[PDB]
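Engineer: Below you'll find the sequence and an experimental structure to go with it.
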Amino acid sequence: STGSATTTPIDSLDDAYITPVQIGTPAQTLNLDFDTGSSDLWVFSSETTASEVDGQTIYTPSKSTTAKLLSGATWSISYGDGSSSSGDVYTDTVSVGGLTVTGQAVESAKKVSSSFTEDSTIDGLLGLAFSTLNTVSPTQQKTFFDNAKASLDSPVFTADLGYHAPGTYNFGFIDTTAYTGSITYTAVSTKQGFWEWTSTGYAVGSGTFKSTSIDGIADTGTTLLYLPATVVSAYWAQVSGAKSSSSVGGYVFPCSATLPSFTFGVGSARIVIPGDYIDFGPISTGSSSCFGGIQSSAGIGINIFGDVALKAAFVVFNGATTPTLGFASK
Ligand SMILES: O=C(CCC1CCCC1)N1CCNCC1
Ligand SMILES: O=C(CCC1CCCC1)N1CCNCC1
């Protein structure tokens, strides 16, 4: 089997991408944030505290003929941005792009933090990191990808995010029309449960490539590119007037600037992030200070190749017995 679904930016900045997901019988379609950096599938629901719902579409398990309470199971997640959600668990039929999993754990939120309430476009998350990070207790649950894997034509999914445009998530096949040149594969450690790999270095604009090992996670759930402070300083030093602002919480730059590209290594291959991808616009409406799309990972504990980096590539998440990542230019 295979599946193919379009993923769409939630706003003009590509702050997050949503993908339609069918849950239950008859189908209830929710727009979920696919997250290669976490391993829970959780939704706004008929159980979510009413004051914490503001415009999201909710899953109502009592309207699904295939929904079953997973008796005794609860979940609770705390994200790095300080947001959180928690609740109970149903099993139900879940389909993504025509690929159907029966018996998927659907984590129904009873509580969500303010960042989730305030984002009316995101009805929940769908996790695609390894199932070892799933938060369901007392019986950990599998991700949609892990449940689908045995049925798939190939044990892979691919992320092809757009810059200010829709893109695609495919399951079970590699669309050889969706990239240019060849795919470079690189090793993945599952030791922390993330898709964790090691970039071979970087360049800023037309500068020389610096060979240096950079360990991080391929995370579709993350908007920006988080790298070591040395690398980030080297990038922003090439932008007149850029500075790190403790008031704003990262690097900002004059909205009049033209940003240089950023290149990251994948083995002997190179992925080039165009400068425009690194512009996240005014810090507040009407400001002439703009927020940078490359930020320091100092205080995170890990480098994050988020959407700014991933959207410059066709990315293969190879879930074979020995997992690997693949990157191609596009
Ligand atoms: O990119 C982030 C936060 C990144 C943080 C960096 C360190 C911990 C996580 N998003 C995506 C859009 N929704 C809000 C959260
Ligand atoms: O903060 C995290 C990890 C969340 C935890 C990992 C396992 C349990 C939840 N991020 C940054 C945003 N994208 C997802 C990865």
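Structural biologist: All right, it came through fine. Numbers count the residues shown, from 1 in each chain. Ligands and ions are numbered 1, 2, ... in the order given.
Engineer: How about the residues of this structure by ligand 2?
Structural biologist: Contacts of the chain with ligand 2, taken as CB under 6 Å from any ligand atom, map to 35, 37, 38, 77, 79, 80, 133, 135, 219, 221, 222. For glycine as for every other residue, the C-beta is placed from the backbone atoms N, C-alpha and C.
Engineer: What count of nearby residues applies to the closest residue to the second one other than its chain neighbours?
Structural biologist: Spelled out, that is residue 37. In this structure, residue 37 finds its nearest non-sequential neighbour in residue 219, 3.4 Å apart by CB to CB, 6 or more residues apart in numbering. Residues within reach of residue 219, counting by other CB atoms under 10 Å, total 27.
Engineer: Spell out the residue ranges of the helices in the stretch 101-250 of the chain.
Structural biologist: 114-118, 144-148, 229-236 (DSSP state H, counting those that start in this stretch).
Engineer: Same list (these) but as JSON lines, adding mean neighbour count and distance to residue 252.
Structural biologist: Formatted as JSON lines, the helices of the stretch 101-250 of the chain follow (neighbours: other CB atoms under 10 Å; distance: least, CB to CB, whole Å):
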{"stretch": "helix 114-118", "mean neighbour count": "16", "distance to residue 252": "21"}
{"stretch": "helix 144-148", "mean neighbour count": "23", "distance to residue 252": "37"}
{"stretch": "helix 229-236", "mean neighbour count": "19", "distance to residue 252": "9"}
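Engineer: could the ones you listed go into TSV alongside distance to ligand 1?
Structural biologist: Listed next are the helices of the stretch 101-250 of the chain as TSV, based on distance: least, CB to the nearest ligand atom, whole Å:
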stretch	distance to ligand 1
helix 114-118	6
helix 144-148	19
helix 229-236	13
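Engineer: coming back round to it: any idea which of the residues of the chain next to ligand 2 is closest to ligand 1?
Structural biologist: Among the residues of the chain next to ligand 2, residue 80 lies closest to ligand 1 (CB to the nearest ligand atom), at 2.4 Å.
Engineer: Quick check: phi and psi at that closest one.
Structural biologist: phi -70, psi -20 (degrees, to the nearest 10).
Engineer: isn't the residue nearest to residue 37 right next to residue 35, touching?
Structural biologist: Yes: contact status for residue 219 versus residue 35: in contact at 7.3 Å, counting by CB atoms under 8 Å.
Engineer: Within range of ligand 1, give me the residues from the stretch 101-250 of the chain.
Structural biologist: So far as CB under 6 Å from any ligand atom goes, the stretch 101-250 of the chain lies against ligand 1 at 115, 222, 223, 224.
Engineer: Let's see that with 8 Å instead.
Structural biologist: The stretch 101-250 of the chain comes close to ligand 1 at residues 115, 119, 122, 221, 222, 223, 224, 226, as judged by CB under 8 Å from any ligand atom.
Engineer: list the contacts for the first one?
Structural biologist: Counting by CB atoms under 8 Å, 6 or more residues apart in numbering, residue 115 touches 81, 82, 83.
Engineer: Closest to ligand 1 out of those?
Structural biologist: Using CB to the nearest ligand atom, the contacts of residue 115 come closest to ligand 1 at residue 81, 4.2 Å.
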